[PDB]
Amino acid sequence: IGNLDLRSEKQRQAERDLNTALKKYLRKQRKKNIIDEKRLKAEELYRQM
Amino acid sequence: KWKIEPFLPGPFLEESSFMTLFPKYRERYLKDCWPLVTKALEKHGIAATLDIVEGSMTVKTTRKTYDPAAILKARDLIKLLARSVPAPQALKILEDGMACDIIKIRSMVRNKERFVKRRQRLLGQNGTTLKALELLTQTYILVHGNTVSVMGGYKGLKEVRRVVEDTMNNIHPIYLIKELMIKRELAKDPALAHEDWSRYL
Amino acid sequence: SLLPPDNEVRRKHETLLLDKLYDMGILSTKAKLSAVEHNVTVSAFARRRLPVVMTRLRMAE
Amino acid sequence: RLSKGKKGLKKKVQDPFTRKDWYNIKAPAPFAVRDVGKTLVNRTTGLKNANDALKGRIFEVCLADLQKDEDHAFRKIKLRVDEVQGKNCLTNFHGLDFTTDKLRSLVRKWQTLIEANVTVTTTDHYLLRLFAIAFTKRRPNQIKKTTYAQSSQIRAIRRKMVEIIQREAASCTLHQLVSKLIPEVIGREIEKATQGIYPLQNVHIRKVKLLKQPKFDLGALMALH
Amino acid sequence: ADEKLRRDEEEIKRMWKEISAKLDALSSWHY
Amino acid sequence: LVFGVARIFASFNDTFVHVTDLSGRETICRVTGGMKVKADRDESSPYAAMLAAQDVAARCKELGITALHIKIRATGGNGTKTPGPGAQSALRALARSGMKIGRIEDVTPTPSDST
Amino acid sequence: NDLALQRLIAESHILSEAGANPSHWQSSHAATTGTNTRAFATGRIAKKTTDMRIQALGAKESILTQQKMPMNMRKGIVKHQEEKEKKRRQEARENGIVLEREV
Amino acid sequence: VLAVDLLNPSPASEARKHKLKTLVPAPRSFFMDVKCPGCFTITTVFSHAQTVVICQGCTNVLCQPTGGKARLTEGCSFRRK
RNA sequence: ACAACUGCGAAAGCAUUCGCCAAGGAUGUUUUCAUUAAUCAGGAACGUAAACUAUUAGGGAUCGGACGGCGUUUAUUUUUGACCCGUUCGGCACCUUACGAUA
Ligand SMILES: [Zn+2]
């Protein structure tokens, strides 16, 4: 009782200061099928790879 | 003679596809109501994608789609989802006996304040006349800005067409609801099955 | 109560229920269903028990 | 099951498909495929030879089955036919039309479409109308919901649109005009040159209508095929 | 519908069979 | 595969299954909805559209085209701009009895300003 | 002048939220919800409509409403209902849907 | 708010106030000196000119008028007083 | 369809493009006569329906100027425009508060 909420402390500090996984990323995000411009950037990155 | 059977079982040579365009305030709601839509359209056999970058819903017939009217069902579904019908109702168009209709009512009143008064007269006090029309006609009516979007069986589509035109032409919807209640009471008993019912309205 | 008021089985089972409870002595009338609303009561059963009914009949004191 | 008619109205039925023969259709030059279908026309004889009807008819066919590419599922073209060969039906351009599904699929709220019409004449003296449509570009990294161009800005956009389509359709013949219409070079150049006035999301030419063709020349009409 | 009313009537008949059995057994078969 | 163009005029009162060649000029075979149902009430019904589509597909498979491009329309001038039950039921029966479908388009007459 | 027309207009909310419109999505959900597929749902709707009829005849207070709550339950209930109606008003101001005007 | 020195507003809040709503009203327009590099001539232009100002001869330009400030032309110099 | 919790006109009203004709609004100016003004007796121009009802104190939007600018895109590089931001006048409307009221 009195220890840190680490997620809340990281969010507080954020609001104060303000090739093997990127294939299963597309495997998980081809199933939605929302196009979602971060996936467009990921498609261009996969085409470059 | 009127009932329609579900399709039991490649009927498409050219891979058909349709698109509709939506704005951003609909992009949020479509982004977090989309998996219901693509789940039911995968049960019908049609791939449905959403594009938040351009703002476009696309349907396309896959290899294993067998119902050929499913593409018309899906085209109407994405039309209503673009025109901001809520998602379970837009998915309720995918049943066999449903159909949608859009009624352009802005052309019917020259004035503006008279048009606002007659549209709010169609909507009624606390929505009671609108849900009374929905009950008596078995439809879903959405008074959508300058248009009116209705769904349901084709009989109900015709009756809400008549009621919406007569509401815009200064006949009151309470009068039209009384008319429809009289027609329901007369069609309840088939002893008066074929007479001219104009002697009662 | 939740049946419609002009129903035949509602009327027949109202008379059956009220006659059964009045024959067992729980209700004091057999002409109101509000008796079974707020007059049927575990105290009414417990006063239809034997030592209380012979207290009333003055078999005991 | 039971009939309904009046007294003496059902004539004796004649077979109408004895007098019908098929005719394969070839498309003109700039399209990728040539055999596009088959037309059932009446049998030729004296008292209305069937080649007059074959000179009269037009066809309407999509561009997907012509270019073999399903990028053009829209933009249905129209083909007149003026010539006939043995079991053959040679065709020519007549018009280019969208599908009303794409015409609904392009209109969004809080953005402006600009429409422009021109009546331009090619160097082969064909008069034709070009109807161009152009939707306003929503700029990325913006916050305001409505991308409204001003009315004077719309008039400047329409002026540049009609200037581009006149300057790049008055110089070529009809075959080069169709060869420029197919990959949409005109809409690309309108998109490139109007972005100093207001950027446009997509410029298409939604209709081409050929009004008058004053020449019947089999030389150029066979130089197509 | 009317099947809702018929299902409700049969539910009341079932409830009354159970309750009449309980009440006769609690009055010890003087009824 | 010889593509014939099927105009399906689906209104609320009767459905028109109509089959033409690619031109639009030469009608191959048409069966209206009301000539398969004795009742003018049930003239516009999915059963009527199913019977009409079966007869049209039977005639066009006797002629041997076995492929259609389908253009569906409705009463569009001051009408409803939506097809009746005839469109869905006729397309279902038409592709359920042979008839590899090609391109589907809903060509309803949409007025720019009517009244 | 007419009675049953006035009864059909007022009780339309309760009927269309109970079961009576299978093309409406809320009624097609409430037709399988469970508190309407139970044994005596029609009688409970009849009690609600009879309470609304006596309210229209002139009763100021209801029989079906609960009168005593521990002040945190009632504040949470009223705040949640007001926030729901406000969110529906905002999501109907956007999308251009017109709604019934009531204060 | 409640009390403030109204005879001594801050220059930064004074500077963002509209023209006619400063403590004593005053303009926010200025005068410029303009030469065009081939000429040793010094025409003095108002900032919000409505005239297509021309130098002492030489059919040139110096600015064009607008809805606000005169757009000075091309390569030209300007000191501002 | 675009088409609006918008624009313009004093009002009714006004939506296809282009041309002509005057007029009007706001802004800016290094523009002038210096009370010319405010209000309406009299008068003058425009013209099937109804049916549920001196500040407030700012903020978020909105459009019309004018100014400023770290920057993305025009731009083969300067114009210039689009987007974002700030200042400033002006105007249709929203909500909160009343500064109050009062029939
Ligand atoms: Zn000089």
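Rules and cut-offs
Residues numbered from 1 in each chain as written, not as in the entry; some residues may be left out. Chains lettered and ligands numbered in written order. Part of a larger assembly, values for the part shown. Heavy atoms only, no water. Residues with missing side-chain atoms left out of burial classes, pairs and counts. Helix = DSSP H or I, 4+ residues; strand = E, 2+ residues; numbered from the N terminus. Rg over C-alpha atoms; globule rule 2.2 N^0.38 Å. Contact = heavy atoms within 4.5 Å. Pairing = 2+ DSSP bridges. Axes fitted to C-alpha atoms, helices over the stretch in contact; angles between N-to-C directions. UniProt positions renumbered as here; feature names shortened; annotations may be inferred. Left-handed = near helix turned anticlockwise from the far one by under 90°. Nonpolar A, V, L, I, M, F, W, Y, C, P; charged D, E, K, R; others polar.

Method of determination for the deposited model, per the PDB record: cryo-EM, at 7.1 Å resolution.

### Remarks on the overall build of chain H
In terms of helices and strands, chain H carries one helix and four strands. Computed over its C-alpha atoms, the radius of gyration of chain H comes to 18 Å, more than 25% above the 12 Å expected for a compact globule of 81 residues. Judged by the C-alpha coordinates and their principal axes, chain H covers about 60 × 25 × 20 Å. A separation of at least 24 residues holds for 27% of the contacts in chain H among residues at least 6 apart in sequence.

### With respect to the sheet that holds strand β5 (residues 100–106) of chain F
Sheet strands pair by backbone hydrogen bonding; their relative direction is either parallel or antiparallel. Residues and elements named next belong to chain F. Strands sit in the order β3-β2-β1-β4-β5 across an open sheet of five strands; the sheet is mixed. Only two strands of the sheet have a single partner each, and these edge strands are β3 (27–32) and β5. Going across the sheet, the axis of each strand differs from the next one's by a mean of 20°, ignoring polarity. Sheet topology places strand β2 (residues 15–20) next to β3; five bridges connect them, and they run antiparallel. Among the inter-strand pairings, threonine 20 is bridged to a residue of β3, identified as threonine 27.

### A look at the UniProt feature "binding site: Zn(2+) 1" (unreviewed entry) in chain H
Residues and elements named next belong to chain H. Per the UniProt annotation, the sites labelled "binding site: Zn(2+) 1" (unreviewed entry) are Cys39 and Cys58. Considering the C-alpha atoms alone, the annotated residues occupy 20 residues of sequence yet fold into one spot, their largest mutual distance being 9.4 Å. Inspection of the secondary structure puts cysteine 58 in the loop between β2 (43–46) and β3 (63–64).

### Thoughts on the sheet that holds strand β1 (residues 17–21) of chain B
Residue and element names in this part refer to chain B. The strand order β1-β3-β2 describes an open sheet built from three strands, whose pairing is antiparallel. The strands lining the two open edges of the sheet, one partner per strand, are β1 and β2 (46–51). Adjacent strand axes in the sheet meet at a mean angle of 15° when their direction is disregarded.

### Remarks on the environment of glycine 37 of chain D
All names here are of chain D. Tracing the sequence through the fold places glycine 37 in strand β2 (residues 35–42). The sequence separation of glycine 37 and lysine 102 amounts to 65 residues, and the corresponding C-alpha distance is 25 Å. Discounting chain neighbours no more than four positions away, the residues touching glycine 37 are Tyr23, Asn24 and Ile25.

### Here's the deal with the UniProt feature "binding site: Zn(2+) 2" (unreviewed entry) in chain H
On the UniProt side, "binding site: Zn(2+) 2" (unreviewed entry) is annotated at positions that read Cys55 of chain H here. By the element assignment, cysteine 55 of chain H lies in the loop between β2 and β3.

### Some details on the arrangement of the chains
Contact analysis covers seven pairs of chains in contact, and the most contacts occur between chains B and G. Nowhere do chain B and chain C come into contact; their C-alpha atoms are at least 21 Å apart. No part of chain A reaches chain D; the closest C-alpha pair between them is 11 Å apart.

### Comments concerning the packing of helix α1 (residues 46–63) of chain F against helix α2 (residues 85–96) of chain F
Residue and element names in this part refer to chain F. Remark: α1 packs on α2, axes separated minimally by 8 Å, with the N-to-C direction vectors making an angle of 40°. Crossing of α1 against α2: the hand is right-handed. Residues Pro46, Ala49, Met50 and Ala53 of α1 form the contact with α2, whose participating residues are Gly86, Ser89, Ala90, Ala93 and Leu94. Tallied by class, the residues present in the contact of α1 with α2 amount to seven nonpolar, two polar and no charged.

### Points about unusual backbone geometry
In terms of backbone geometry, most residues other than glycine have negative phi values and most peptide bonds are trans. A cis amide bond, omega 10°, links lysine 32 of chain A with the succeeding residue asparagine 33 of chain A. Structurally, the position occupied by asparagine 33 of chain A is in the loop between α2 (24–29) and α3 (38–48). At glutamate 184 of chain D, a position not held by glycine, the phi torsion is positive, near 55°. Relative to the helices and strands, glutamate 184 of chain D is located in the loop between α5 (174–181) and α6 (185–193). One non-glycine residue with positive phi stands out, namely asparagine 95 of chain G, at about 70°. Among the structural elements, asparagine 95 of chain G can be located in the segment after α5 (72–93).

### Side note on the UniProt feature "domain: K Homology" (unreviewed entry) in chain B
With numbering matched to this structure, UniProt assigns "domain: K Homology" (unreviewed entry) to residues 97–169 of chain B. Taken end to end, residues 97–169 of chain B has its terminal C-alpha atoms 30 Å apart, with 49% of it in helix and 25% in strand.

### Focus on the pairing of β2 of chain B
Residues and elements named next belong to chain B. As paired elements, β2 and strand β3 (residues 56–61) share six bridges and run antiparallel to each other. Paired with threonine 49 across the bridge in β3 is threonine 58. Counted between consecutive antiparallel strands, the loop separating β2 from β3 contains four residues, among which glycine 55 sits at a positive phi close to 90°.

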